[PDB]
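J.: This is the structure I want to talk about, given as structure tokens.
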Protein chains: 2
Amino acid sequence: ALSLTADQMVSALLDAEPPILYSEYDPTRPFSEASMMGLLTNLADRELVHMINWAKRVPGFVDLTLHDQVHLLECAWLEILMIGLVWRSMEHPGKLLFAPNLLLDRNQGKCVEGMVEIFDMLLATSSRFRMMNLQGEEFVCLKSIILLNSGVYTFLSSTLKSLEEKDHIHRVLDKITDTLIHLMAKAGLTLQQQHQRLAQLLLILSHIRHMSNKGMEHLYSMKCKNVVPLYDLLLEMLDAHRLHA
Amino acid sequence: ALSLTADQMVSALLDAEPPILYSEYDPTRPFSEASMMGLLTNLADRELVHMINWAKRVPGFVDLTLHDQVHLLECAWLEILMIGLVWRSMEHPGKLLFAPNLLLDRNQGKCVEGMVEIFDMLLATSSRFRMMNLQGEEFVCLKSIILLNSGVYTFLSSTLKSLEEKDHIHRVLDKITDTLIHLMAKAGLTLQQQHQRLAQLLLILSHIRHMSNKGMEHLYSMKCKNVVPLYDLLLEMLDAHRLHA
Ligand SMILES: C[C@@H]1CN(CCOc2ccc([C@@H]3Oc4ccc(O)cc4S[C@@H]3c3ccc(O)cc3)cc2)C[C@H]1C
Ligand SMILES: C[C@@H]1CN(CCOc2ccc([C@@H]3Oc4ccc(O)cc4S[C@@H]3c3ccc(O)cc3)cc2)C[C@H]1C
């Protein structure tokens, strides 16, 4: 990613996109009977496996140590799910497209205590993306920045190796920055609009962090899933052999 | 701020800076006997009055409705205190300069259950600012962006007035973006370093949001202060008469 062109980064990021999954419930059966958090939790957990696959395809990520890859994903996984959700909801004003067969409005969020607060922030972010006319090429840049940025300030250590890792990450972030500006210039924005648009995009990332933090707080009162530490579960998924090569 | 030059914005922001306050404790008396959270809370509350004064001097802020000014400050006050703290700690490696007479290391943070976690993030942010060689002119831009950005996605409404307000804020943020790039160009960074440095600065704001969220979670288990709603207290401070004109 530090020798990749802007064009090569964009195509690698587009190539790495995960699939859109469906909610798993019998569509021949009634709805009051479904647990909305059960449905949402089951969806999010299935997405997580595809998120690791994606992460490994972001330029520069697998050059990191396994521990650092784990750390970054443990820090960013809910931000990554949420930016994905806001992106697929953009063309669905007033609703959240959790899955193609699970499109929910704010009143359906009231179904779970404390959830409408989260729904309302996601919906607002979706509206901001639509208003900005966010582009698919810009979106994949933003999602990769979330992956690389959100945990880079909290690694414990400052070993030599740790210092090298942080350097590499900042270097990859720099290339994604170069890519976003390249995208915008190719689109014919002026120099001034480029830097303004870059700032507008990066400041939305502060809101997505906010939503992740509040959603983690909200999740930690429900059942959703807290068995086996997330780090261990991530480590397992990430620590693959090369036997099915 | 939408007709202010880059130079005029920078000088208005420098002119608006709040003073550095001292911790209030008898320096002739021992320390084990002081409540660290009492000291910290008393300091932070005294800063808040100066924060409103400052906010009113940020270009474009008082053109907002009183309700919107309240909202922005209710959303950003801890981010604003924290970026201030990390800025005055930059030249004090391993320590947090809460006040000139209150410089604390991570081990002094262990004094309060769950506080060392927060200290360690603040310290890391301070280290990142030092490594970036953040400049006083850049800092005041970042603090004003925090003020205008952190609550602009969560206003309830979407009245006409509400829509106009959001427009004005995005317009002011755009000018601060223009100011940061101006600063960097005047410093002789290349076009490419400008946009890279702008992105590095704006991504730190995602970490400061993170620290605010975690600190709000941590504060909500202690005594610190929760009497009278923050909105009302802010409204009072902000809703000034013009009699002492
Ligand atoms: C192994 C770990 C345990 N899993 C627990 C469940 O996590 C989730 C459960 C539900 C969702 C909720 O449903 C989804 C589903 C898919 C998606 O892409 C985004 C969201 S966001 C939403 C939500 C998030 C926070 C909140 O407070 C309220 C709603 C999102 C995550 C998460 C997984 C990484
Ligand atoms: C009227 C409202 C009630 N006041 C309650 C006390 O708030 C604070 C109390 C202590 C601090 C703690 O002390 C300071 C003091 C000054 C400063 O500029 C920054 C900090 S940060 C730190 C802290 C923050 C969060 C945390 O979990 C642990 C430590 C920061 C804020 C906050 C005020 C807006």
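The way I read the labels, and the way they are meant: chains A, B, ... in the order of the structure tokens, residue 1 as the first residue of every chain, and ligand 1 as the first ligand shown, with later ones counted on from there.
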Using DSSP on the backbone coordinates, identify the residues of stretch 31-147 of chain A assigned to strand (DSSP E or B); present them as JSON, numbers by chain.

T.: {"A": [95, 96, 97, 98, 99, 102, 103, 104, 105]}

J.: Around ligand 2, which protein and nucleic acid residues have at least one atom no more than 9 Å from it, if we count only C-alpha atoms and all ligand atoms? List them as a PDB file with C-alpha atoms, in the first residue's frame.

T.:
ATOM      1  CA  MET B  36      -7.611  13.238  43.757  1.00  0.00           C
ATOM      2  CA  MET B  37     -11.094  13.153  42.224  1.00  0.00           C
ATOM      3  CA  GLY B  38     -12.129  16.100  44.388  1.00  0.00           C
ATOM      4  CA  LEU B  39      -9.118  18.094  43.097  1.00  0.00           C
ATOM      5  CA  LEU B  40      -9.740  17.086  39.464  1.00  0.00           C
ATOM      6  CA  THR B  41     -13.484  17.701  39.623  1.00  0.00           C
ATOM      7  CA  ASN B  42     -13.030  21.159  41.197  1.00  0.00           C
ATOM      8  CA  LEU B  43     -10.554  22.067  38.458  1.00  0.00           C
ATOM      9  CA  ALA B  44     -12.752  20.853  35.603  1.00  0.00           C
ATOM     10  CA  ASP B  45     -15.797  22.708  36.927  1.00  0.00           C
ATOM     11  CA  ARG B  46     -13.860  25.993  37.097  1.00  0.00           C
ATOM     12  CA  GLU B  47     -12.650  25.465  33.548  1.00  0.00           C
ATOM     13  CA  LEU B  48     -16.210  25.100  32.314  1.00  0.00           C
ATOM     14  CA  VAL B  49     -17.020  28.763  32.847  1.00  0.00           C
ATOM     15  CA  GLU B  74     -23.201  19.528  26.155  1.00  0.00           C
ATOM     16  CA  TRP B  77     -17.284  19.743  26.868  1.00  0.00           C
ATOM     17  CA  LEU B  78     -15.235  16.722  27.941  1.00  0.00           C
ATOM     18  CA  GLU B  79     -13.527  16.408  24.546  1.00  0.00           C
ATOM     19  CA  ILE B  80     -12.627  20.108  24.856  1.00  0.00           C
ATOM     20  CA  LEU B  81     -11.201  19.718  28.399  1.00  0.00           C
ATOM     21  CA  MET B  82      -9.274  16.634  27.304  1.00  0.00           C
ATOM     22  CA  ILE B  83      -7.674  18.128  24.189  1.00  0.00           C
ATOM     23  CA  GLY B  84      -6.674  21.076  26.406  1.00  0.00           C
ATOM     24  CA  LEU B  85      -5.093  18.676  28.908  1.00  0.00           C
ATOM     25  CA  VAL B  86      -3.201  16.708  26.254  1.00  0.00           C
ATOM     26  CA  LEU B  97      -0.412  18.572  33.422  1.00  0.00           C
ATOM     27  CA  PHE B  98      -3.882  18.981  34.936  1.00  0.00           C
ATOM     28  CA  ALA B  99      -2.673  22.360  36.260  1.00  0.00           C
ATOM     29  CA  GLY B 109      -3.963   7.644  38.358  1.00  0.00           C
ATOM     30  CA  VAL B 112      -8.840   6.000  41.550  1.00  0.00           C
ATOM     31  CA  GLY B 114     -10.791   2.654  36.677  1.00  0.00           C
ATOM     32  CA  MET B 115      -8.904   5.939  36.243  1.00  0.00           C
ATOM     33  CA  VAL B 116      -5.513   4.608  35.059  1.00  0.00           C
ATOM     34  CA  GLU B 117      -7.194   3.385  31.878  1.00  0.00           C
ATOM     35  CA  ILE B 118      -8.185   6.977  31.082  1.00  0.00           C
ATOM     36  CA  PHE B 119      -4.782   8.378  32.090  1.00  0.00           C
ATOM     37  CA  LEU B 122      -4.559  10.761  27.517  1.00  0.00           C
ATOM     38  CA  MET B 211     -11.588   9.160  25.427  1.00  0.00           C
ATOM     39  CA  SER B 212     -14.520  11.470  26.176  1.00  0.00           C
ATOM     40  CA  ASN B 213     -17.010   8.607  25.812  1.00  0.00           C
ATOM     41  CA  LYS B 214     -14.994   6.333  28.088  1.00  0.00           C
ATOM     42  CA  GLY B 215     -14.429   9.132  30.578  1.00  0.00           C
ATOM     43  CA  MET B 216     -18.151   9.906  30.650  1.00  0.00           C
ATOM     44  CA  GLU B 217     -18.795   6.207  31.368  1.00  0.00           C
ATOM     45  CA  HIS B 218     -16.146   6.288  34.096  1.00  0.00           C
ATOM     46  CA  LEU B 219     -17.448   9.503  35.622  1.00  0.00           C
ATOM     47  CA  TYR B 220     -20.921   8.042  35.828  1.00  0.00           C
ATOM     48  CA  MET B 222     -18.330   8.426  40.990  1.00  0.00           C
ATOM     49  CA  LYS B 223     -19.661  11.472  42.833  1.00  0.00           C
ATOM     50  CA  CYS B 224     -17.962  14.225  40.733  1.00  0.00           C
ATOM     51  CA  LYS B 225     -21.224  16.106  39.941  1.00  0.00           C
ATOM     52  CA  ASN B 226     -24.653  15.251  38.510  1.00  0.00           C
ATOM     53  CA  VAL B 227     -26.891  17.687  40.387  1.00  0.00           C
ATOM     54  CA  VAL B 228     -29.097  19.867  38.146  1.00  0.00           C
ATOM     55  CA  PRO B 229     -29.052  18.767  34.490  1.00  0.00           C
ATOM     56  CA  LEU B 230     -26.010  19.848  32.510  1.00  0.00           C
ATOM     57  CA  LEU B 233     -26.574  24.729  33.843  1.00  0.00           C
ATOM     58  CA  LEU B 234     -25.134  25.440  30.403  1.00  0.00           C
TER      59      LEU B 234
END

J.: Chain A residues within 6 Å of chain B, counting only C-alpha atoms: which ones, as a PyMOL selection string?

T.: chain A and resi 174+196+206

J.: Please determine, counting only C-alpha atoms, which residue among B:65, B:53, B:190, B:133 has the shortest atom-to-atom distance to residue B:161.

T.: B:65

J.: Given the choices B:21, B:111, B:52, B:62, which gets closest to residue B:33 if the distance is worked out from only C-alpha atoms?

T.: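 Smallest separation from residue B:33 among the options: B:111.
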
J.: Can you list, as a ChimeraX atom specification, all residues belonging to stretch 157-197 of chain A that DSSP tags as alpha helix (DSSP H)?

T.: /A:160-186,191-197

J.: Could you write out the selected residues, including C-alpha atoms, as a short mmCIF file (atom, residue, chain, number, x, y, z; two decimals), in the first residue's frame?

T.:
data_model
loop_
_atom_site.label_atom_id
_atom_site.label_comp_id
_atom_site.auth_asym_id
_atom_site.auth_seq_id
_atom_site.Cartn_x
_atom_site.Cartn_y
_atom_site.Cartn_z
CA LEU A 160 10.91 -1.72 18.72
CA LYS A 161 8.52 -3.94 16.83
CA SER A 162 5.59 -1.96 18.24
CA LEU A 163 7.16 1.27 17.04
CA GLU A 164 7.70 -0.21 13.54
CA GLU A 165 4.09 -1.38 13.41
CA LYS A 166 2.71 2.05 14.29
CA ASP A 167 4.96 3.57 11.65
CA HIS A 168 3.69 1.21 8.98
CA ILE A 169 0.05 1.88 9.90
CA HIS A 170 0.52 5.65 9.72
CA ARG A 171 2.19 5.08 6.39
CA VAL A 172 -0.75 3.08 5.10
CA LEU A 173 -3.21 5.69 6.37
CA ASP A 174 -1.22 8.31 4.47
CA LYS A 175 -1.67 6.36 1.23
CA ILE A 176 -5.41 6.05 1.79
CA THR A 177 -5.43 9.80 2.32
CA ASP A 178 -3.63 10.19 -1.01
CA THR A 179 -6.24 7.89 -2.58
CA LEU A 180 -9.26 9.88 -1.35
CA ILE A 181 -7.82 13.11 -2.68
CA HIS A 182 -7.02 11.37 -5.96
CA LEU A 183 -10.58 10.16 -6.21
CA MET A 184 -11.86 13.66 -5.57
CA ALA A 185 -9.54 15.31 -8.05
CA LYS A 186 -10.45 12.77 -10.72
CA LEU A 191 -8.19 21.87 -4.75
CA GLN A 192 -10.21 23.72 -2.12
CA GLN A 193 -13.22 21.35 -2.37
CA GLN A 194 -10.87 18.39 -2.14
CA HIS A 195 -9.53 19.34 1.25
CA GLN A 196 -12.93 20.47 2.49
CA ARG A 197 -14.47 17.14 1.40
#

J.: Would you mind reading off the distance between atom CA of residue B:18 and atom CA of residue B:131, one decimal, in Å?

T.: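 A separation of 24.7 Å between them.
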
J.: To one decimal in Å, tell me the separation between atom CA of residue A:57 and atom CA of residue A:16.

T.: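 These two atoms are separated by 5.7 Å.
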
J.: Atom CA of residue B:134 to atom CA of residue B:60: how many Å, to one decimal?

T.: 24.6 Å
